[PDB]
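Computed from heavy atoms alone, side chains included, the values below leave out hydrogens, waters and symmetry copies. Reminder, nothing fancy here: chain letters follow the sequence lines and each chain counts from 1.
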Amino acid sequence: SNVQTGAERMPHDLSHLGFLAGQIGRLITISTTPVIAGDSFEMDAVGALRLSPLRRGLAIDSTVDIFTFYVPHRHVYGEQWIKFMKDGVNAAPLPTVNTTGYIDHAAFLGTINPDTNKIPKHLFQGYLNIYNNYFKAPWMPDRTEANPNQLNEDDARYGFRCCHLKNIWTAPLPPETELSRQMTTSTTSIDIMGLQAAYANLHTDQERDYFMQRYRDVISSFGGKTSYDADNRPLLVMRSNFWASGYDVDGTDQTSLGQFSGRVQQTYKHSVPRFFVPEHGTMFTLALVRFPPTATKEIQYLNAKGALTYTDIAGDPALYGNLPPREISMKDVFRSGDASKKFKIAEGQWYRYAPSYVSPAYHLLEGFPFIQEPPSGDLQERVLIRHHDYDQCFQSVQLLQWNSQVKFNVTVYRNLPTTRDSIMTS
Amino acid sequence: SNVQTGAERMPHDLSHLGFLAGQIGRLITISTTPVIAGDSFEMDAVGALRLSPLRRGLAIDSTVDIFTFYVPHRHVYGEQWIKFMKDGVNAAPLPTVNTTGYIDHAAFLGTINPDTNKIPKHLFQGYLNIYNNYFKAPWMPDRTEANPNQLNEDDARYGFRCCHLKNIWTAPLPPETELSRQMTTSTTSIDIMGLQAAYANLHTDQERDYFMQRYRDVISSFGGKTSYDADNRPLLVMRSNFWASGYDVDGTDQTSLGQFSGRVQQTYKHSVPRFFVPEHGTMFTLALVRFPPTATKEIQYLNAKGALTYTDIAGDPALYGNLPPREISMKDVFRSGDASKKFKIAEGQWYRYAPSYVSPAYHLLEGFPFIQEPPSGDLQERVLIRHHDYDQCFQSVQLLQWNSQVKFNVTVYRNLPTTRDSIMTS
Amino acid sequence: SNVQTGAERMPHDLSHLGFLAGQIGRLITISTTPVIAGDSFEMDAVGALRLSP
Amino acid sequence: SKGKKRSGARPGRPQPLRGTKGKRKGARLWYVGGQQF
Amino acid sequence: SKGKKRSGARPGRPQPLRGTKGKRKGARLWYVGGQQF
């Protein structure tokens with residue numbers, strides 16, 4: 001009888017809808033699709049972004065980010081792949097991972113939880129690779145769970161916490177920078193040629209602390225290049241950003257005459273141009289919603305430290321360009337800050353940055369997404385976003401803090417037989 | 001004092017000479033150079049190739065191959081690299097390998113043996129990667145020694161044995177091809193839909209046996225691509241090939257009047273265009289000298305098998321295109337072949353190929369590089385070249401079977417301080 | 001499955017070498033090749049002839 | 001990072017979603033045994 | 001494989017090697033304390 005060995009190249013629809021929801025400052029998966037080696041991928045996403053109804057009207061916009069990444073299966077399975085592909089049919093099946101038994105767990109991966117509490121390993125591990133290479137601070141430790149059921153709630157139902165927009169206290173120098181370095185000398189002598197060699201060792205250490213925490217950064221400084229296969233990192237295909245706006249509604253009865261309520265609704269588009277898929281893998285699409293980091297109790301540095309010295313106030317170029325970094329506390333920038341929490345800044349940074357001012361009359365007032373109290377804990381706890389800081393800004397609904405409805409217009413050019421060829425023997 | 005943090009880009013000479021020697025059918029290293037990330041590499045090699053003085057004059061040319069490969073250090077050290085580069089100065093030193101204690105051992109790597117009997121690991125492991133990816137037959141096992149002192153003589157003094165030029169008996173089908181495949185049926189019935197599915201499983205198996213023994217081959221059939229970082233294979237930068245010629249010298253005394261002696265000497269050039277080096281590594285240059293595989297006792301297949309049937313002689317298209325491959329012996333193509341040594345050929349291959357004829361008067365005659373006896377052993381022993389088959393063709397000298405004298409015109413564009421900057425403190 | 005009944009017409013190499021020897025006044029065979037009905041045959045032979053010193 | 005850094009805000013109103021799939025049609029997908037409306 | 005497949009034979013005679021190094025000069029390499037011939 002007739003045996004088919006090849007196919008022709010045709011476009012495939014693969015379009016679907018998007019009823020999404022999430023929290024603020026957490027990275028959640030929006031869409032996912034498998035691809036084959038040799039394909040071409042295209043996507044237009046058109047939708048609307050809404051926030052929960054506000055308590056008093058629109059005051060500050062929020063910014064929204066959409067990302068698309070490509071993750072090969074060889075980056076996840078490694079050597080179990082390759083052997084799988086070389087053996088062809090009759091190869092051993094690929095492994096899975098375990099999840100907690102609920103419906104809303106494994107929702108940060110953009111799927112409903114199966115009744116068996118098992119999902120493909122490449123879905124979970126492909127999310128960890130994106131977070132560890134692009135979204136955590138380079139000086140933080142990596143995250144390695146091996147099983148989605150080892151996470152807690154708010155990590156399984158919603159994504160992982162991300163970082164605030166850069167600021168004086170949300171973007172400090174890494175907690176490993178050295179404020180001094182010693183050189184061993186004799187009792188009544190010093191080698192001045194070895195002193196010259198001690199400055200060259202410190203220069204390489206300071207570069208590896210401010211710019212070059214990752215291997216791909218070290219190679220780039222020499223003038224070289226690394227492919228994402230050499231580093232085993234995902235490939236960023238597209239990125240979009242916008243601000244979300246809306247309007248107000250006026251109350252008209254006896255009690256609410258003079259009261260307003262804000263309604264955020266924004267139309268957006270995420271477009272990915274045609275992309276050649278070199279190996280089997282997955283495409284991820286993710287979203288992130290954030291606010292500018294405004295706090296009600298922040299003060300200017302020169303107004304908070306006690307007595308002004310020449311180094312603070314003069315702005316002398318010979319002094320700012322030759323001094324080590326300065327270590328300060330949370331008490332120097334916040335009214336109720338803790339004096340035992342320290343971080344390091346650059347000298348003269350108070351003449352390069354200006355903070356926002358919030359009047360004392362705004363303290364503890366509903367609506368108005370601010371940070372009411374100075375953040376507590378170690379450095380990593382302060383830099384990451386706490387979505388409980390925005391609970392008093394919205395009204396309680398079932399759809400969390402933001403929701404979206406989107407149509408994904410995907411198109412892939414594959415080499416597959418038609419449905420007719422698959423069901424007919426001859 | 002003055003501390004230098006950068007440099008300018010300048011060309012560097014790095015030119016040297018080449019007094020080389022080797023055997024026939026063995027792959028030996030000719031030149032080697034280290035490179036840094038961000039460099040540009042260029043090379044012109046001009047020299048002369050000579051064979052040992054012949055016994056009776058020129059009859060058959062030989063063919064010579066020159067290759068250049070690029071091997072990153074990350075392909076060799078793996079995870080010990082990267083950690084080495086991220087730690088910078090004060091990192092742990094890279095490991096070495098042990099060699100046998102002689103001067104001529106480790107000469108297949110293009111170096112003199114140090115008195116400590118230790119060499120960098122990237123020199124030995126970079127040679128194994130080239131051989132396993134480009135020079136052995138795809139169905140052979142890989143070679144994995146971990147130490148150059150585990151090799152034998154003729155592998156340490158000279159390179160590894162390579163394969164003959166393709167032929168009826170030097171290029172058979174892989175020894176794993178199936179001549180039949182069964183399908184399980186019932187006693188008095190058969191599922192004809194499952195028969196259709198049994199042919200599709202056999203098609204994938206036959207492709208993985210004739211074309212796709214390597215992972216990079218499987219991905220290519222889908223229409224995809226793999227980088228050499230994904231496969232962890234060396235990059236071929238240039239390849240050259242030529243035939244070697246010469247002339248004859250006449251004897252003029254009482255006894256040698258009427259006798260001639262051949263002198264092979266050829267001028268060649270190996271040119272590498274400008275190449276951008278993306279990471280730290282090594283460039284290798286290697287040579288290989290071979291003869292066409294002519295034997296004195298080879299016969300045509302139709303003249304050696306006994307009684308001719310319709311399938312042998314008719315050349316019918318409906319029969320050659322639909323039959324399984326045929327298994328024959330060394331007795332069917334050689335006069336003194338062994339009947340217990342088998343190999344598989346395609347049906348009708350005797351109408352597509354013609355062997356060379358050597359008259360019986362040429363049997364056991366000095367000069368004339370032939371193969372006097374049919375090769376013995378298993379399949380792998382026959383396909384690889386034995387350089388003892390050419391011992392009676394040359395006169396005994398200290399410079400083996402071929403020698404070359406070459407000048408390498410290299411030029412690299414680096415970012416390094418001058419010699420003056422390195423020796424002056426200020 | 002697929003059963004092939006015909007083929008297309010293409011050129012085939014069938015080239016080889018010649019190390020020959022003989023006596024004077026005797027007729028010896030130099031080359032030989034089988035052919036099929038319907039073929040086309042062509043040949044160029046280039047070489048050197050030497051006598052004993 | 002690599003290659004995107006684009007933007008996506010549009011003006012107007014968020015019209016309701018209309019049709020679950022369809023941007024460009026290929027070949028047939030479903031075979032029931034005739035027409036079905 | 002990748003990118004080469006070139007050829008390299010030239011006609012003539014194999015002239016002896018002349019000078020160990022030198023195709024294109026850069027900066028100075030050796031400092032002895034003066035000129036040396």
Which answer fits A:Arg50, side chain, backbone, both or neither, if we ask what part of it has an atom under 4.5 Å from a heavy atom of chain D? side chain
How long is the straight-line distance from NE2 of A:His12 back to CG of D:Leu29, given to the nearest 0.5 Å? 8.5 Å
Counting neighbours of CD1 on A:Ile423 that are heavy atoms of other residues, nucleotides or ligands and sit closer than 6.0 Å, is the number greater than 12? yes
Pick one of side chain, backbone, both or neither for D:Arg24, based on which atoms fall under 4.5 Å of a heavy atom in chain A. both
Could you grab the distance from atom CZ of D:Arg10 to atom OG1 of A:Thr267, nearest 0.5 Å is fine? 9.5 Å
Check against side chain to side chain contact (heavy atoms under 4.5 Å, CB included), D:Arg13 and A:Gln265: CA-CA 8 Å; D:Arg13 252 204 189 271; A:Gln265 47 172 19; 3.1 Å; yes
CG of A:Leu236 to NZ of D:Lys5: how many Å apart, nearest 0.5 Å? 9.5 Å
So which of A:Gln405, A:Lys269, A:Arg420 has the biggest tally of heavy-atom pairs under 4.5 Å with chain D? A:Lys269
Turns out that what part of A:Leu49 lies under 4.5 Å from chain D's heavy atoms comes down to neither
Working for side chain to side chain contact (heavy atoms under 4.5 Å, CB included), residues D:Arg6 and A:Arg239: CA-CA 6 Å; D:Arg6 186 177 181 170; A:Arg239 194 216 167 141; over 6 Å; no
Determine the minimum heavy-atom distance between D:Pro14 and A:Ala48, stating which atoms define it. CB-CB, 3.3 Å
Determine whether more than 12 heavy atoms belonging to other residues, nucleotides or ligands lie under 6.0 Å from atom CZ of A:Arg143. yes
Please round to the nearest 0.5 Å and tell me the distance separating atom CG of A:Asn409 and atom NZ of D:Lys21. 13.0 Å
Contact class of A:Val406 relative to chain D, heavy atoms under 4.5 angstrom: backbone
What part of A:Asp44 gets closer than 4.5 Å to chain D, counting heavy atoms only: side chain, backbone, both or neither? side chain
Tightest non-hydrogen contact, residues D:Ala9 and A:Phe242, listed as CB-CB, 3.6 Å
Any donor and acceptor pair, going by atom type alone, linking the side chain of A:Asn241 with main-chain N or O of D:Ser7 inside 3.5 Å? no
Rounded to the nearest 0.5 Å, the CG atom of D:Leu17 sits from the NZ atom of A:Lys407 at a distance of 8.5 Å
Whatever's closer than 4.5 Å to a heavy atom in chain D on A:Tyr413 counts as side chain
Once rounded to the nearest 0.5 Å, what's the spacing between atom OG1 of D:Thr20 and atom CZ of A:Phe408? 11.0 Å
